[PDB]
Amino acid sequence: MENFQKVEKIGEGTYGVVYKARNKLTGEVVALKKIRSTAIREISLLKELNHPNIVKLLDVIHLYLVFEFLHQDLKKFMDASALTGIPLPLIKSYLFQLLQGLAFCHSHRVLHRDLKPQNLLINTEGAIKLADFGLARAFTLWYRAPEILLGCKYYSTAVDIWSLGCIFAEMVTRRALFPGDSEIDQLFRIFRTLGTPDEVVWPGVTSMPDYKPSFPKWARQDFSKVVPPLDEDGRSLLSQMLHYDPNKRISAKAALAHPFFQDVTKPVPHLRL
Ligand SMILES: NC(=O)[C@H]1C(=O)NC(=O)N(c2ccccc2)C1=O
């Protein structure tokens with residue numbers, strides 16, 4: 001658009017093509033997202049959701065969304081760190097920061113609903129920020145909470161804690177926890193790991209729209225097997241983020257007080273930009 005000069009195509013997304021652009025009025029570099037009234041209302045409310053761990057929506061040019069620009073996303077970083085693995089102190093700092101952003105948005109009744117590594121942006125200062133926050137409501141299974149896969153219509157902020165659980169496990173193991181090709185394959189990958197849910201562990205699950213009594217019954221695996229060699233604090237946190245039951249699932253604000261974060265620090269990553 002006339003205020004901007006597109007500098008380079010960054011890539012793509014569920015919403016459209018993403019470009020690095022330069023504001024000609026001010027020389028600021030931004031991310032410009034070309035999208036494919038209640039939507040623009042909703043998208044616009046997102047302008048007021050400012051937190052240091054949420055990528056800032058600067059304006060909405062009715063659609064192009066102009067966002068604050070960051071050089072790298074967590075998927076690129078993990079891919080680069082795949083041989084060696086991200087050091088624990090950094091995983092912990094990132095998790096802590098993402099929990100802060102979530103707790104903020106969740107306090108304002110705003111959910112992401114589509115968290116994935118390509119949506120988590122990182123800088124050289126050690127920050128990590130949530131991109132595309134809110135855009136789903138305003139208008140890749142791998143990070144989807146089981147309530148959504150089972151057809152719940154009124155899912156909650158819990159869904160983002162699940163997604164972040166899955167990411168936390170991926171940073172630690174250097175492998176996606178639940179890499180599904182179908183909703184059913186997504187769900188079976190989950191069940192094969194945490195076991196097939198039932199009323200014991202998830203009260204009301206059997207009433208979910210897509211629940212089937214004929215689901216194969218798998219036994220739960222130990223978390224020490226799922227995220228070796230994460231320590232006890234980390235595993236304990238992770239198990240609470242990955243509870244089937246959305247009401248048992250730890251809140252972002254609760255997670256921040258977990259003892260895994262007792263010695264959280266803010267390391268700086270090794271970025272090649
Ligand atoms: N602000 C953003 O949403 C973008 C950003 O600043 N930088 C960035 O690399 N991306 C991006 C991330 C992953 C794939 C394609 C583009 C953003 O979406």
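One is the number of the first residue; the rest follow in order along the sequence.
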Evaluate the side-chain contact (heavy atoms from CB on, under 4.5 Å) criterion for residues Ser37 and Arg41: first the C-alpha distance (whole Å), next the side-chain angles of each, then the deciding distance (0.1 Å), finally the verdict. CA-CA 6 Å; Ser37 65; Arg41 278 176 203 107; 2.7 Å; yes

Working note: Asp114 + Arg144, criterion side-chain contact (heavy atoms from CB on, under 4.5 Å); need CA distance, chi angles, decisive distance, verdict. CA-CA 7 Å; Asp114 194 25; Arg144 206 135 292 183; 2.9 Å; yes

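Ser251 has its side chain out of reach of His106: every pair of non-hydrogen atoms, C-beta onward, lies at least 4.5 Å apart.
With sequence neighbours left out, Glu48 forms a side chain to side chain donor-acceptor pair (under 3.5 Å) with no residue at all. Residues satisfying the ring-ring contact (aromatic ring centres under 6.0 Å, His included) test with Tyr64, not counting sequence neighbours, are none. The ring-ring contact (aromatic ring centres under 6.0 Å, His included) search around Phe260 returns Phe168, not counting sequence neighbours. Every residue two or more places apart in sequence or in another chain that forms a side chain to side chain donor-acceptor pair (under 3.5 Å) with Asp185 is listed here: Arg189. Qualifying ring-ring contact (aromatic ring centres under 6.0 Å, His included) partners for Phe69, counting only residues two or more places apart in sequence or in other chains: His71. Shown here are the side chain to side chain donor-acceptor pair (under 3.5 Å) partners of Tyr244, two or more places apart in sequence or in another chain: there are none. Here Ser236 pairs with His258 under the side chain to side chain donor-acceptor pair (under 3.5 Å) rule; sequence neighbours left out. For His51, the ring-ring contact (aromatic ring centres under 6.0 Å, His included) test picks out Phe104, with sequence neighbours left out.
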Can you list, pair by pair, the side-chain donor-acceptor contacts under 3.5 Å of residues 263-273, counting residues two or more places apart and other chains?
residue: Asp263; atom: OD1; partner: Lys92; partner atom: NZ; Å: 2.9

Side chains of residues 209-230: which donor-acceptor partners sit under 3.5 Å, not counting sequence neighbours?
none

Distance-only criterion, 3.5 Å: show the donor-acceptor pairs between side-chain atoms of residues 128-137 and protein atoms not counting sequence neighbours.
residue: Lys129; atom: NZ; partner: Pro52; partner atom: O; Å: 3.3
residue: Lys129; atom: NZ; partner: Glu68; partner atom: OE2; Å: 3.1
residue: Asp132; atom: OD1; partner: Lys33; partner atom: NZ; Å: 2.8
residue: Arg137; atom: NH1; partner: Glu42; partner atom: OE1; Å: 2.6
residue: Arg137; atom: NH1; partner: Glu42; partner atom: OE2; Å: 3.4
residue: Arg137; atom: NH2; partner: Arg109; partner atom: O; Å: 2.7

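Between the side chain of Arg174 and the backbone N or O of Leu83 there is at least one donor-acceptor pair closer than 3.5 Å. No donor-acceptor distance shorter than 3.5 angstrom exists from the side chain of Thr196 to the backbone of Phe191, with no hydrogens or angles considered.
Distance check: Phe139 CZ to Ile35 CD1 gives 4.0 Å after rounding to the nearest 0.5 Å. Here the CG atom belonging to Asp160 is positioned 10.0 Å from the CZ atom belonging to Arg249, to the nearest 0.5 angstrom.
Other residues, nucleotides and ligands contribute over 12 non-hydrogen atoms within 6.0 Å of the NZ atom of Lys6. No more than 12 heavy-atom neighbours from other residues, nucleotides or ligands sit within 6.0 angstrom of NZ on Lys75. Within 6.0 Å of the NZ atom in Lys56, the count of heavy atoms belonging to other residues, nucleotides or ligands does not exceed 12.
For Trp142 against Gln186, the heavy-atom pair with the smallest separation is O-NE2, 3.3 Å.
Other residues sharing the hydrophobic cluster of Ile148, ordered by chain and number and joined by side-chain separations under 4.5 Å: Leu111, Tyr155, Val159.
The residues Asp79 and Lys76 are annotated as not salt-bridged, no charged nitrogen and carboxylate oxygen being separated by less than 4.0 angstrom.
The hydrophobic clustering, which links ILVMFWY residues whose side-chain heavy atoms are closer than 4.5 Å, places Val30 and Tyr15 apart.
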